[PDB]
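Chemist: build me a structure from this.
(one chain, ligands or ions: 2)
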Amino acid sequence: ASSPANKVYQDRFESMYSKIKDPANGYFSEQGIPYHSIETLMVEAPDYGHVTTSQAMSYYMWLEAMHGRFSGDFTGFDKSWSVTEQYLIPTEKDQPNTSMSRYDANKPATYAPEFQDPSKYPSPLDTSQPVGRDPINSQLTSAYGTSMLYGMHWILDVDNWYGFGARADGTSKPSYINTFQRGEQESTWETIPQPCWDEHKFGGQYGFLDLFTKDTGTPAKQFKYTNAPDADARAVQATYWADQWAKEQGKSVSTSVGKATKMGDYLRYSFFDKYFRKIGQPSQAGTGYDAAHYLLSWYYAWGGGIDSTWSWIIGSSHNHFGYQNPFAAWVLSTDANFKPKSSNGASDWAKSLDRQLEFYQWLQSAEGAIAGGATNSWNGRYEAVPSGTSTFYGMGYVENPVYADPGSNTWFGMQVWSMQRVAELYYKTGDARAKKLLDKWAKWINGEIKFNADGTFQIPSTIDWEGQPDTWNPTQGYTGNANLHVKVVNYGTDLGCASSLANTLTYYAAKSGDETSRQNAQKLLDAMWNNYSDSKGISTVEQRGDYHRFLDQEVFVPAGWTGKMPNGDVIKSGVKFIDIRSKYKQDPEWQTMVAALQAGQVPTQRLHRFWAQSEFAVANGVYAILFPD
Ligand SMILES: OC[C@H]1O[C@@H](O[C@H]2[C@H](O)[C@@H](O)[C@H](S[C@H]3[C@H](O)[C@@H](O)[C@H](O[C@H]4[C@H](O)[C@@H](O)[C@H](S[C@H]5[C@H](O)[C@@H](O)[C@H](O[C@H]6[C@H](O)[C@@H](O)[C@H](S[C@H]7[C@H](O)[C@@H](O)[C@H](O[C@H]8[C@H](O)[C@@H](O)[C@H](S[C@H]9[C@H](O)[C@@H](O)[C@H](O)O[C@@H]9CO)O[C@@H]8CO)O[C@@H]7CO)O[C@@H]6CO)O[C@@H]5CO)O[C@@H]4CO)O[C@@H]3CO)O[C@@H]2CO)[C@H](O)[C@@H](O)[C@@H]1S
Ligand SMILES: [Ca+2]
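Modeler: Residues are numbered from 1 along each chain as shown. Ligands and ions are numbered 1, 2, ... in the order given. What follows is the structure:
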């Protein structure tokens, strides 16, 4: 039987769940897939509001798990897994096993350099550069009896707004797409959206392929997908709680547990350097697990031929603290119901749990905020790490891993998303390493929450960094990183971040007994409920400071390359963001946005992001369970 919950906060969960699931609110497509946001005029990581992301799907899982806990009905949670498998994990038709079975674990992919400006792409493939061996592929094909990968592709054009359709048909929905391809300076404003399945039917002469990669011959027809490890790890996290909550009530989500466990087994590909080079010795090809950093890196990716049979897989050399999930790693390595089938699945996750906790502590600043991360591939070309750069297992510190436009660690949101998982681990296990991190981090952030007399509040929004951590010595441990400092640049009322913050502080308070954390969590939740509720969930008006880029951002197109988007928009040198997305001019908010820009005003919007609404709902449910009085 489930323990009693605080009825006030349970009712607030239940209300939010109804608003989110309400067909009249429009959070979901007709196929039952959640959109990034209700509103369509939306550019921030996805560049259209009615895409879906693996991030949104994993929040949909967490939301439904919590509904199961309060309602006793887990059919919604099982359905969230069904929708995921149907639409976001590429099927047999989307990643033909005929190509995947031709994968060569001794030569997983061909090296190409990354560049610091999009104008340097296409990047030339070089077969002479060393590439290491993949030691896990044989474990996976042996356990699961296929060469297909079981992981979510990160983004889906749910209603076929771009027009690529499914497997180049132009008409089916949903449509697998990707955007980012051209390194750290390619913002969301500078991409050329492209189909995952490229049969050269759209775009240029060879579809979109030769915008990004240059090979010897004629570009082949080919598919490719990219994982977002932080989403797949959150799926495992959510499913663990669904299982716990289901078993407290004599119910079962065993089917979904098997899917989560399998996903966690494939998620190990994010543990490896991009081209399986040795960690801390990047000039050398790895021999297997010497190429594993055991962190959740920015991606893994795979692809292969459509009309001939070959395939490739890469991990990623770049690691951000924001992606780590020690809770998921604890689950997969210790809980017998979530032990992966592969021979080394559980022990690899055990190593990852230890490595991840070291990583957070290495990056913890003097004040307590967590700095960016590290890379095994300096400048994305395995260049020499400058003398004086601090290192973690031979990987050089990077202040803003992977993206510089804007810096990937200049947003406060990464702090809460990631420390929330450390707080669950600490709540569940009392782990000393987690305690130490949280004591200092929570003390930092409790000093940065500002409550106003009118019931409104502010928390950090944009942050900046000085210095670097001390070189990590696993036997010395944490030095205090006296020369690493966070700066709060501005404050805001980001409701998704405030919700995640409330969640983190609630788990931490429950375990540590810290009253200041508990009351800050409740005050945030109350302020949001009382002051920001609307008929669709919660919202506030926000400034969209980068929206001038709709009209003024030039998109790079190589000299002489011309093509067309499916709607006929011409792609050629000179185009702006809006020129290759001309359907955006039909958006109900377009004229409002343009009028603002014409007057030299910053446009504002009131946005209902699926992840933020779910975050708020889950944060209420968490407080209700942990603080029943
Ligand atoms: O012999 C036969 C045959 O051979 C052929 O040759 C072959 C050869 O054999 C073969 O080896 C090679 S393989 C080659 C391949 O060809 C080539 O294509 C491939 O290239 C790869 C590149 O090397 C690699 O660099 C790139 S990596 C890139 C990925 O592609 C891309 O998908 C990924 O995108 C990421 C994305 O960056 C990330 O964001 C997301 S997930 C999630 C985040 O986790 C989360 O933070 C974020 O949250 C958002 C939130 O949603 C928002 O609401 C908030 S908004 C917030 C504001 O930010 C605040 O400022 C504001 O104040 O408040 C607001 C409100 O809160 O913001 C947060 C934070 O941002 O959201 C997102 C989700 O929404 O994940 C994705 C996925 O990970 O990026 C990666 C890094 O850039 O990949 C390329 C592949 O795609 O390389 C291989 C090997 O080299 O191929 C040969 C040629 O074919 C011959 O050719 C033949 O002839 C013959 S027949
Ligand atoms: Ca740029």
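Chemist: contacts and neighbour counts: CA atoms only from here.
Modeler: OK.
Chemist: what segments of the stretch 351-500 of the chain are helices?
Modeler: Along the stretch 351-500 of the chain, the segments classed as helices by DSSP state H, counting those that start in this stretch run 413-429, 432-446, 495-512.
Chemist: buried ones in the shortest one, by neighbour count?
Modeler: In this case it means helix 432-446. Neighbour counts over helix 432-446 (16 or more other CA atoms under 10 Å) mark 434, 435, 437, 438, 440, 441, 442, 445 as buried.
Chemist: now, which of those residues sits nearest ligand 2?
Modeler: If you rank those by distance to ligand 2 using CA to the ion, residue 445 comes first, at 30.9 Å.
Chemist: need the contact list for residue 404.
Modeler: By CA atoms under 8 Å, 6 or more residues apart in numbering, the residues touching residue 404 are 184, 185.
Chemist: I'd like to know how far it sits from residue 187.
Modeler: Counting by CA to CA, to the nearest Å, the gap from residue 404 to residue 187 is 8 Å.
Chemist: okay but residue 59 is in contact with residue 609, surely?
Modeler: No. Under the criterion of CA atoms under 8 Å, residue 59 is not in contact with residue 609, lying 11.1 Å apart.
Chemist: which residue does the stretch 151-300 of the chain have closest to ligand 2?
Modeler: Using CA to the ion, the single residue of the stretch 151-300 of the chain nearest to ligand 2 is residue 185, 4.2 Å away.
Chemist: might you enumerate the residues of the chain proximal to ligand 1?
Modeler: 44-46, 53, 55, 109-112, 154, 178, 180-181, 183, 213, 215, 219-220, 226-228, 230, 298-299, 310, 312, 411, 461 (CA under 6 Å from any ligand atom).
Chemist: give the PyMOL command for selecting the buried subset of those residues.
Modeler: The PyMOL command for the buried members of the residues of the chain next to ligand 1 (criterion: 16+ other CA under 10 Å) is given here:
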select buried, resi 46+53+55+109+110+111+112+154+178+180+181+183+213+215+219+220+226+227+228+230+298+299+310+312+411+461
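Chemist: how about stretch 506-515: buried residues?
Modeler: Residues of stretch 506-515 classed as buried by neighbour count (16+ other CA under 10 Å): 506, 507, 508, 509, 510, 511, 512.
Chemist: what lies in contact with that stretch?
Modeler: Contact partners of stretch 506-515, identified using CA under 8 Å, 6+ apart, comprise 420, 423-424, 426-427, 430, 438, 517-518, 521, 622-623, 626-627.
Chemist: do stretch 560-580 as well
Modeler: The contact list for stretch 560-580, computed with CA under 8 Å, 6+ apart, reads 162-164, 170, 189-190, 192, 202-205, 549-559, 581-582, 584.
Chemist: with stretch 62-69 instead?
Modeler: Contacts for stretch 62-69 (CA under 8 Å, 6+ apart): 2, 14, 17, 73-77, 80, 235, 238-239, 241-242, 245-246, 614, 617-618, 621.
Chemist: run through the residues that contact the closest residue to ligand 1 within the stretch 201-350 of the chain.
Modeler: Closest to ligand 1 within the stretch 201-350 of the chain is residue 228: 3.9 Å, counting by CA to the nearest ligand atom. Applying CA under 8 Å, 6+ apart to residue 228 gives the contacts 54, 55, 152, 153, 154, 298, 299, 300.
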